[PDB]
Amino acid sequence: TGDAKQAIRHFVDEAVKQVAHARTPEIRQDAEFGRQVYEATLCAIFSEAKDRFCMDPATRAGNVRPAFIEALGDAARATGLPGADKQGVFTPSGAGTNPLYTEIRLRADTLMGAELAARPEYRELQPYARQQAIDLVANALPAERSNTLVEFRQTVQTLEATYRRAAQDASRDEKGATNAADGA
């Protein structure tokens, strides 16, 4: 409770397992629907990537979002994620789906939702479950798609920390008195 970093984190692990097994026999049953989870795995991580950076109150205005969005598009480009290039931006679709991570999210959500989950520690605790949940999807293809998945995975995580670290600097110069960042 005093270190949601480890506590709330371990609660997630359990949930993940339960589902892990739940949707494990189906993936091995047939080699196809498992590959569908690969595309959704990225997309879920992508719409969330943008949403995470966007929602973060410490990153509302000109917090480097423009570049953050393009980076993801560039990174998702090499991956080979289905999509299309519109004007000058690459985008797959509107929110993947998240039918797996959402299931474990519900279990832990109803369990934690406590003061420990309050602390901003839940931030870093982003690749904890994914690393696992996504590991399963890797089972259907832990060879290639895996290399691609593990890449876009760490790529996004570092993309946020790097973009956040920068914005954080701007936040320091933001506070003042008037016209701090109204951009009227």
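Residues numbered from 1 in each chain as written, not as in the entry; some residues may be left out. Heavy atoms only, no water.

Structure determination for this PDB entry is given in the record as solution NMR.

Looking at the PDB entry, one finds the chain named Putative G-nucleotide exchange factor, with Burkholderia pseudomallei as its source organism. This entry appears in the Protein Data Bank under the title "NMR structure of the catalytic domain of guanine nucleotide exchange factor BopE from Burkholderia pseudomallei". Regarding the chain, the UniProt comment filed under Function reads as follows: "Activator for both CDC42 and RAC1 by directly interacting with these Rho GTPases and acting as a guanine nucleotide exchange factor (GEF). This activation results in actin cytoskeleton rearrangements and stimulates membrane ruffling, thus promoting bacterial entry into non-phagocytic cells." (UniProt positions renumbered as here; feature names shortened; annotations may be inferred.)

**Q** Even after reading the chapter, I still don't get the overall build of the chain, so can you show me in this structure?
**A** Counting its regular elements, the chain contains 8 helices and 2 strands. When the helices and strands of the chain are placed in sequence order, the string is α-α-α-α-β-β-α-α-α-α. Its C-alpha atoms give the chain principal-axis dimensions of roughly 60 × 45 × 25 Å. Look at the contacts in the chain between residues 6 or more apart in sequence, and 78% of them connect residues 24 or more apart. (Helix = DSSP H or I, 4+ residues; strand = E, 2+ residues; numbered from the N terminus. Contact = heavy atoms within 4.5 Å.)

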